[PDB]
Structures are given as structure tokens and as C-alpha cells.
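Note: ideal-geometry Cβ built from the backbone for every residue, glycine included; neighbour counts use all protein chains shown. Derivation of every value follows stated rules applied to the coordinates shown; laboratory data play no part.
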């Protein structure tokens, strides 16, 4: 019936002055735009069909053509920024917001989807959707005593669209918009559907990706324990954003970092720091690096939880980007830790994997490692045991690495090179 | 991307 | 010395 229409036939039916002919042509456009391989979005745009689709959104007496045109516009808006802009330029934003209150749930859901694609394009369209007033009717769709009574796909779509309203910086979303959305986000973060949980965590990860004032808005909602619980989920689509959110929070103040430790997050990191998925291991080590940049009592928690052997592990063997994060964790540890804590680090075997990474070509990781070596020597000075550390470094080939590094191309590495040899290797 | 096409 | 994402 409406399968495999040409764009020319779609235009002919939509321009026909016959509502039923228009409906059949709009459904044909929807099916074209819903095929798997290369939907002809630009062809549909170039035919000038977007204004007619937008006008069809307002035909209350023919809900099928509202649905079909909403679906068609949703899939155009799913494309490039240009293609999303064409949908916005046709006036679709207020028309879709009007459809959020439709009595037909499948039309309301289509409008939710369309607004998620538009807001998802970037901060400008995100903020434009907010200025048109989308947040109030979106949140009203979730104003039920128990989310479990909502259709599963309906709830997943609303969660995803709400997360796109929280997404992107330069600029971050308006503060009042974030405050209005957060209580619903907290409710969705306690729902029992894995996809809702994943997109709820992504939303929280967006809101915590910013300055400490943005992190505080989230932490003050009391969500850190739930985030730590989701840190231990079996589903990788949940662990990934949960870890991102936790890692974002520990870039804030020592007090915000303490909430993460208080909630029991460190107990999950034996698993995370050995996780077979490279990205989880990398972001878990990044998170560890920002915790070891904290107070000495927070470094002590890392010690108590047995996590220093795991840092030695990732330093000894991991993806290089993970090893670079491990080097940062070590340098931050040695920069803020006590003499005892630094001594414990050497006793766990940090020296040899540290020296082995001095063969890397990433100039920054060499600077990071050389800083850590200096910090450990400074602790060994307070104990008078610098000669013991010098023996450790030369016995594992580290001296040969530093003594060949004074001729490096970067100069802050050559200065750090020679300074270590003049003081401790002569 | 964070956009979704409905199939 | 925190490092952002």
C-alpha cells in the first residue's frame, strides 16, 4: 500500500488537498524514512515536505496523520545537525510540545522522541527546546505514584529525552532547568529497568561534568549511594555511566569526594581495576587518580581497601592509556601522601613498573613518572634511605632509563633527568 | 551521537 | 590537583 513510494509520488499525495491522500502519502514518507539502509532524508527535505509535516502535527481530528508526520519528522531530526535544523526551522518545536499532552499515548511518545533528537543535537537546540517550555509537560508525563504502571518503551523514551536535556556544556543547561528536572531524575535512578537506569546515570554523568557547583546540585540530592550500587551492576551499559558519574564527582571538592568514599565505592574497585573492558579499567584508574589527589585520610582509605596493589597491577600491565592514568594516580599519591603512605607504596612494588614505563614515548607520562620518583626520593630523604631507593632503581634498570633521558627532546624532562642523577646517582 | 532513529 | 574528564 504505502511501501516503496518514490519521493515524487509522496509530494503528489501530500499536495493533493485530500486529507486521506495526504495521510497515505505521509505514512509512505514515514516508511521511507524508517528503512535501515540510507533513508532519503535530504531528498525529503529538498522536496519541501517539512512545513507540510509540521502543519499535519496540528490536525487534531486525524490522529493518524499526527502520528505519521511526527514519526517522519522524528527520523529527519535524528540525522545531521543540518537535518535537525531543517525540522526546527519548520516550526516543529512548539508543535511537538503541544503534542506531549495528546490523549493518544503513541502520539505523545513520538513527540517525546522528536524533542529528544532535537535537544540532543547540541546546547543551542537543547536550550531552545527548554525556552519553548518543554520541561513542564515532559515531567507531567511522569507524575504518577509508581513508574511501574507506565509502558516500558514509553518510560525509556522519556528517560532518554530528559537525559538529552541534561547533556552538553558550553554552556551547561540552565540552572533552574537542572533543578526542575533533578527530582524526577532521582526517581528514575531508582527504577528497576536496565535501560532507564543506564540513561538515568548518563543524565547524572552529564550534570556532574562541570564545576563543583554543578556537582553539588547532584550530590546534595543524596544520589551517591544509588550510584555506588549501580557501580556494581552486572550490566555494562549501567556500569559505564555510573562509573563516569562517580569519576566526575571525585573531580570536585574533598568533601564531595568523601561522599563517594562514605558510600562504599572503593570496595568495587578491585573488580573495576581488573575489568576486561578497556574503557572501564581506564576510567576506574582515572577515578582512582583523582581520589589519590585528595586528603591524606582519603589516601589512607585507598590503602585500607587494598587498592595500591591494584594500582601496581595496572601500572605493570594495561592498555597504555590506562597505564598513563595509573601514573597520574601514583604521582598524586606521592604528592599528597605521608612518608608512611609513600613507603607502603614502594613496599607494594611500585618502583619497577614505574621505571619500565620510562621507555614510553608519550612525553607527558615521562614528566608524570619523573615527578613521582622525585616525590618518593623526598620521602626517602626524611628517612635517610635515599641510597636504598637508588639501589632499587639501578637494579631494575631504572638508572639506565634516567641516565639516557638527559638527552631527551623535551627540556623539562632533561632537567628533571639530570637533577635526579646529580642528587641521588653520584 | 545521542540521536535515535525509529525503525 | 584534580583532572576533569
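Conditions (1) under 16 Å from residue A:362 (Cα atoms); (2) surrounded by 18 or more Cβ atoms within 10 Å (Cβ to Cβ), marked per residue:
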residue: A:389; (1), (2): no, yes
residue: A:393; (1), (2): no, yes
residue: A:399; (1), (2): no, yes
residue: A:405; (1), (2): yes, yes
residue: A:408; (1), (2): yes, no
residue: A:415; (1), (2): no, no
residue: A:419; (1), (2): no, no
residue: A:423; (1), (2): no, no
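State yes or no: is residue A:397 out of contact with any strand residue (DSSP E or B) (no Cβ under 9 Å at 6 or more places or on another chain) and under 23 Å from residue A:317 (Cα atoms)? So residue A:397 fits the description; yes.
If we scan region A:244-254, do we find a residue that is out of contact with any strand residue (DSSP E or B) (no Cβ under 6 Å at 6 or more places or on another chain) and away from every other protein chain (no Cβ under 14 Å)? No: region A:244-254 contains no residue that is out of contact with any strand residue (DSSP E or B) (no Cβ under 6 Å at 6 or more places or on another chain) and away from every other protein chain (no Cβ under 14 Å). Taken together, A:322, A:331 contain a single residue that is within 31 Å of the chain's Cα centre (by Cα), away from every other protein chain (no Cβ under 14 Å) and part of a helix (DSSP H, G or I), which is A:322. Please tell me if residue A:32 is within 14 Å of chain B (Cβ to nearest Cβ), within 20 Å of residue B:5 (Cα to Cα) and surrounded by 14 or more Cβ atoms within 10 Å (Cβ to Cβ). In short, yes.
Give the residues of region A:181-231 that are over 25 Å from residue A:157 (Cβ atoms), over 17 Å from the mean Cα position of the chain (by Cα) and in a loop (DSSP other than H, G, I, E, B), sorted by residue number. Those that are over 25 Å from residue A:157 (Cβ atoms), over 17 Å from the mean Cα position of the chain (by Cα) and in a loop (DSSP other than H, G, I, E, B): A:220, A:222.
For every residue, the table says whether it meets (1) more than 25 Å from the chain's Cα centre (by Cα); (2) more than 15 Å from residue A:67 (Cα to Cα).
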site	(1), (2)
A:110	yes, no
A:123	no, yes
A:126	no, yes
A:150	yes, yes
A:155	no, yes
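Filtering A:101, A:119, A:77, A:86 for residues that are in contact (Cβ under 8 Å) with a residue 40 or more places away in the chain and farther than 19 Å from residue A:168 by Cα leaves a single hit, A:86.
Only one of the numbered conditions (1) in a helix (DSSP H, G or I); (2) more than 14 Å from every other protein chain (Cβ to nearest Cβ); (3) surrounded by 15 or more Cβ atoms within 10 Å (Cβ to Cβ) is not met by residue A:42, and that is (3).
The residue that is nearest to the other protein chains (Cβ to nearest Cβ), counting only those in region A:62-82 that are farther than 16 Å from residue A:52 by Cα and buried (at least 20 other Cβ atoms within 10 Å of the Cβ), is A:78.
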